[PDB]
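S.K.:
There are 2 protein chains.
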Amino acid sequence: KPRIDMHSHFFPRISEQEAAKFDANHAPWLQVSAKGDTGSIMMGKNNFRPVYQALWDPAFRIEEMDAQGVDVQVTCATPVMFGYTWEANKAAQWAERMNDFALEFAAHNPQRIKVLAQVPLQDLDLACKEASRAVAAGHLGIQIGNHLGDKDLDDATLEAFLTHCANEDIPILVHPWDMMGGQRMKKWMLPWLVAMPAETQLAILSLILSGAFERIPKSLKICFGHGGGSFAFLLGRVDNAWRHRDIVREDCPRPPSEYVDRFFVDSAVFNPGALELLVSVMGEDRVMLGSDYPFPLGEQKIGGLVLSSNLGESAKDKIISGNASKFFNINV
Amino acid sequence: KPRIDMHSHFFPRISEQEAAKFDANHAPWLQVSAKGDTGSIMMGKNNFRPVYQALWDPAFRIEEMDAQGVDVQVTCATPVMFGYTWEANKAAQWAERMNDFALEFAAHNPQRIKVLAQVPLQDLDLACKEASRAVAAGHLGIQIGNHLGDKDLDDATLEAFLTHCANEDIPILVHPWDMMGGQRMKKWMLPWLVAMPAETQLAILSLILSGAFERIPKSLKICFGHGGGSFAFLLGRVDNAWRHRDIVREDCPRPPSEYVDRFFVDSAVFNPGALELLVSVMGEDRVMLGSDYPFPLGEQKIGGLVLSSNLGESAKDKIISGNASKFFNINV
Ligand SMILES: [Co+2]
Ligand SMILES: [Co+2]
């Protein structure tokens, strides 16, 4: 039973110059210290966030995986890489380049390192083509952000994308990104603590309340990252609203709670009680170990929360290993 | 064994002529049908919200309360009545009129209907007066919105108000309103299902992360409406952030979860799993029965989720009765 950690991120060796050729102001690149141990994601000439070797170096990453007890990691774009606001053809060329970097990263050891691709989701046609190209080149699926500006997952272009993926057997991880909140949540990591869980919840409900699960084939494999946000906990509020209000019930024929059999969530909720309630709502078959390696708010002892739960042995094995193996078809 | 519902709402019997005196376009009033069981809250000459008789009629309410098994009910402003956008002086006099109306509604049976007052929270001076004035007139505390625009509860102006209330032993109920989310939650009541819980979590976290509870006297009686949103379930994430980023730890000298003994939440969470998680977090002494009567999304069998739960008889008596008795000082 190899521990599979199915939610982690990477960032490729791109220089200022290469990024500039796409967008001098908005294309992210990687600055590495002379020493080679630390670095920063840059945007234009500005420091975006500080980072360390494990995000760009697959050999260094292998050492930490050994140290952690992680046998297989699935890793994908850092969300600042998405480029969802750029011109389509440019975002397409970018996506391909990033996905190639991701394959080259995993080529260091394709047994223990699996990658998901990004897509120019602003353009449905180009997004489908990149999704297919990348999977047929080695990627085990796609990571998308959870919205495109004012477009949420109920949007016909995003629904059409999920449907293409269901049709071609391409798993999706939905990652919250580009957080709401306007001006309100600047200090103390509030976008991460408030807006992010709200974003993921909104993605799920957008699928549910629009009736989109009635249209998307049941074969779609889709996981919502970062514990599904606050979804599991406020689901009661949503069923209540659906039972008692026309406008809530209108596009959604079955109790919202019944739609949990249509998706997955990762396990990153940082609390025993939250995990227990997460597993209660979703069922043990629908929660997968994800850490958010190698960022600093990520689970520092990968799998620790699950292995130390008062869940059954049966269930623990599915969450740390079983489910993702099936979900991503990583042949154990 | 007396049942106390501490979260319900009311709307006064204001004539269109009396409303137009404050603001012909933005000041809320009540239109009542022939039969006398139907109404609309209006904004000028437009239908703002359709409402039913229990919202404005004490006699009718007094009877649903008899039907429901609720001995005492705390009631307060519908958030449309807040008028936080108004000019400080126009609001002060609006607040007083709403609060004279609230005391009239209470006077129909002051043993069973208790009231909280609204305040012109935009101007500190006028809000403190109205608070002390309203309480001494018979109000048991105040209801405040969770934010004013981008001033969250970490705003020093708002702190001072919380502290002014603390020393007068004026209890406060913090209610979500004016939900974040802009152009993104237009259907299926998503403001209420996504933004509302996030607002309330924000409100709590701005107190904890800013260090406000270090500076507000422990005598503060403050309660966060609607279960405190997603607060209890996301709390583990908050501690994780605190432990791993020193910017989260800067004004918050102890782990964020330690401050749970500084506030209360109501019980309105619509799921037994969620109720259990909520109590586990807050403690059985810090959760009060609130229904959100008489709104359609309000609990239909008031007390029903608590009374059917797997909690002990001791826990149930505190939530239904014990806690709210002490908090609002309603003597049995
Ligand atoms: Co992540
Ligand atoms: Co309410």
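Protein chains in written order, with the UniProt record's numbering: chain A, 3 to 334; chain B, 3 to 334.
Even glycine gets a Cβ: it sits at the ideal position worked out from N, Cα and C.
Rounded to the nearest angstrom, what separates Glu201/A and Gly231/A at their Cα positions?
M.R.: 7 Å
S.K.: Tell me the start and end of each unbroken beta strand (DSSP E) in the segment 38–101 of chain B that is at least 3 residues and wholly inside, in chain order.
M.R.: 40–45, 48–54, 74–79
S.K.: Using the Cα positions of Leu123/A and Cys167/A, report the straight-line distance between them to the nearest angstrom.
M.R.: 13 Å
S.K.: Ligand 2 heavy atoms versus the CB of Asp180/B: any closer than 8 Å?
M.R.: no
S.K.: Exposed or buried, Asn273/B, counting other C-beta atoms within 10 Å across all chains shown (16 or more means buried)?
M.R.: Buried is the call here.
S.K.: Could you tell me which residues DSSP puts in a beta bridge with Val34/A?
M.R.: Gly41/A
S.K.: Counting contacts by CB-CB distance shorter than 9 Å, is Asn242/A in contact with chain B?
M.R.: With 9 Å as the cut-off, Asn242/A counts as an interface residue toward chain B.
S.K.: Check whether the Cβ of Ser316/A lies closer than 9 Å to any Cβ atom in chain B.
M.R.: no
S.K.: Nearest-angstrom Cα distance between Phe329/B and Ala136/B?
M.R.: 17 Å
S.K.: Where does the unbroken beta strand (DSSP E) through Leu280/B begin, and where does it stop?
M.R.: Segment 274–284 is the alpha helix (DSSP H) holding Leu280/B; no beta strand (DSSP E) there.
S.K.: Per the contact definition of three or more C-beta pairs closer than 8 Å, is the segment 316–331 of chain B in contact with the segment 81–100 of chain B?
M.R.: no
S.K.: The beta strand (DSSP E) with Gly143/A in it runs from where to where?
M.R.: 143–147
S.K.: Rounding to the nearest angstrom, what Cα-Cα distance links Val250/A and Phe215/B in this structure?
M.R.: 38 Å
S.K.: Nearest CA to the CA of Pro81/B: which residue from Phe12/B, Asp7/B, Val281/B?
M.R.: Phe12/B
S.K.: Cβ of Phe12/A within 8 Å of any heavy atom in ligand 1?
M.R.: no
S.K.: With the cut-off set at 9 Å, would you say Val121/A and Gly140/A are in Cβ contact?
M.R.: no
S.K.: For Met290/B, list the residues DSSP reports as bridge partners.
M.R.: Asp268/B
S.K.: Kindly indicate the opening and closing residues of the alpha helix (DSSP H) around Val137/A.
M.R.: 126–137
S.K.: So does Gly227/A have its beta carbon nearer than 8 Å to some heavy atom of ligand 1?
M.R.: yes
S.K.: Contact check, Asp171/A vs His9/A under 8 Å by CB: the rounded distance?
M.R.: Contact doesn't hold; Cβ gap of about 20 Å is too wide.
S.K.: If you draw a straight line from the alpha carbon of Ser327/B to that of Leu160/B, how long is it in whole angstroms?
M.R.: 26 Å
S.K.: What residue from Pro199/A, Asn111/A, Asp241/A has the CA that sits closest to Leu299/B's CA?
M.R.: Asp241/A
S.K.: Please compile the residues from chain A whose C-beta is within a distance smaller than 8 Å of the C-beta of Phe272/B.
M.R.: Those within 8 Å of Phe272/B in chain A are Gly238, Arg239, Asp241, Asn242.
S.K.: Apart from the five residues on each side of it in sequence, which residues of its chain come closer than 7 Å, Cβ to Cβ, to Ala69/A?
M.R.: Within the same chain, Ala69/A has no close Cβ partners at all.
S.K.: Just verifying my parser: in three-state terms, what is the DSSP assignment at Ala104/A?
M.R.: helix
S.K.: Using a Cβ-Cβ distance under 9 Å, would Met191/B count as near chain A?
M.R.: Output row for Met191/B: interface = yes.
S.K.: Can you tell me the Cβ-Cβ gap for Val283/B and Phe266/B, rounded? I've got them flagged as a contact below 8 Å.
M.R.: That pair is no contact at about 12 Å.
S.K.: Would you verify that the beta carbon of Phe163/B is, or is not, closer than 9 Å to some beta carbon of chain A?
M.R.: no
S.K.: Could you list the residues in the segment 37–63 of chain A with a C-beta less than 7 Å from some C-beta on chain B, going in chain order?
M.R.: none
S.K.: Can you determine whether any heavy atom of ligand 1 sits closer than 8 Å to the C-beta of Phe297/A, and answer yes or no?
M.R.: yes
S.K.: If distances are taken between C-alpha atoms only, which option among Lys37/B, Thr165/B, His110/B comes closest to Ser134/B?
M.R.: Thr165/B
S.K.: Quick check: does the Cβ of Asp253/B come within less than 8 Å of any heavy atom belonging to ligand 1?
M.R.: no
S.K.: In chain order, what residues of the segment 146–180 of chain B put their CB closer than 8 Å to some CB of chain A?
M.R.: Answer set for the segment 146–180 of chain B: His149, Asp152, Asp154, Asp156.
S.K.: Is the number of C-beta pairs between the segment 218–228 of chain B and the segment 250–264 of chain A that are closer than 8 Å three or more?
M.R.: no
S.K.: Run through chain A and tell me which residues come within less than 7 Å of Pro199/B, C-beta to C-beta.
M.R.: Result: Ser232, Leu236.
S.K.: Are the C-beta atoms of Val196/B and some chain A residue less than 9 Å apart?
M.R.: yes
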